[PDB]
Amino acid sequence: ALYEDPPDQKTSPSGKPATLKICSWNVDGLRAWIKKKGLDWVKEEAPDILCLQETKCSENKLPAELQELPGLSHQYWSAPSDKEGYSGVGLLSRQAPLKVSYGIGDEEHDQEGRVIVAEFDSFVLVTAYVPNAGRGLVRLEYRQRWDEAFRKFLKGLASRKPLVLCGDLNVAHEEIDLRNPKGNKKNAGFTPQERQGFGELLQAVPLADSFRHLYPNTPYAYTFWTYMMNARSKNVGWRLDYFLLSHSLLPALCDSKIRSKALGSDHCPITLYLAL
């Protein structure tokens, strides 16, 4: 079945207006995504912060359009240390963060340009492109190691400031989170190990899945569709991109959106509204 995201709710559970709008988008080739008019869509969405994953683009090759682009003038980029055209994330913000850092503090896990940490006044924002378990589950052993390091890192951070984690977490948590649960239990993104790691993440930090917390029984809501077999036109997809929040931020939570119609990637963008 096809899916229609409900309208944006812009007041908090106590009627505070939303003050912060964060958008996150796995662009799967930043240059290609810009050629497919992604920035026009971003300009219209007008986020206060924009998080991009899988940029596949070194700092040298960042297209010129990205400077001419407030109110997202404070921009930060991370690329792998020795693997061109692979992975890569970015964070663009309207206001300058207090402090920015790259990676999680673990050399094993900080070589593929996957994590940017941006600290603001009232909270910390982490954006992440989690490593794929790979075809044939080749990288599943590595994925589990990543999962534990990432959880430990995020638990530490959240013990000091309220935390927002966004990005492509490369797992569909439960069977409502993808179209074909049956046929995918041994494929990357829906192995029992990856789903379990996501569950441990929610409990050990702790964090809440913003979208599921608000729409806990809404099926067919996905953020990814493989280019093959016209999957997107059939809405045969996966929910892989999330906003996870510290529990303390749940009374700030106004809405968590899925922008199903924005094209330019094999992921659509997601949008978080917070009253801060």
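Residue indices: 1-based, along the sequence shown.
Checking the other PDB entries that cover both flanking residues: does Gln111 lack coordinates in at least a third?
-> Missing in at least a third of the others, so yes.
Output yes if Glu148 is unmodelled in at least a third of the other compared entries of this protein, no if it is modelled in all of them.
-> Residue status for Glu148: no gap in any other entry.
Return whichever of 67-75 and 171-179 has the greater mean Cα B factor according to the PDB record.
-> Stretch with the higher mean C-alpha B-factor: 67-75.
Going by the average Cα B-factor in the PDB entry, point out whether 47-55 or 229-237 comes out higher.
-> If you average the C-alpha B-factors of 47-55 and of 229-237, the larger mean comes out for 229-237.
Have a look at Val100, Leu92, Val130, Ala96 and flag the one whose Cα has the highest B-factor in the entry.
-> Comparing C-alpha B-factors across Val100, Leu92, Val130, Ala96, the maximum falls on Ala96.
Out of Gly199, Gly88, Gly189, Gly136, residue topping the C-alpha B-factor column of the entry = In the PDB entry, the greatest C-alpha B-factor among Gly199, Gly88, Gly189, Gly136 is found at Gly136.
Looking at the C-alpha B-factor of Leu253, is it in the lowest, middle or highest third of its chain?
-> Ranked within chain, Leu253 CA B lands in the middle tercile.
Could you say whether, by C-alpha temperature factor, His213 belongs to the lowest, middle or highest third of its chain?
-> Lowest third - that is where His213 ends up once the chain's C-alpha B-factors are sorted.
Pull the Cα B-factor of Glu107 out of the PDB entry and bin it into the chain's lowest, middle or highest third.
-> For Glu107, the deposited C-alpha B-factor lands in the lowest third.
Within this chain, which third does the Cα B-factor at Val164 fall in: lowest, middle or highest?
-> Bottom third by C-alpha B-factor.
Of the three thirds of its chain by CA temperature factor, lowest, middle or highest, which one includes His247?
-> Within its chain, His247 is a middle-third residue by C-alpha B-factor, going by the deposited values.
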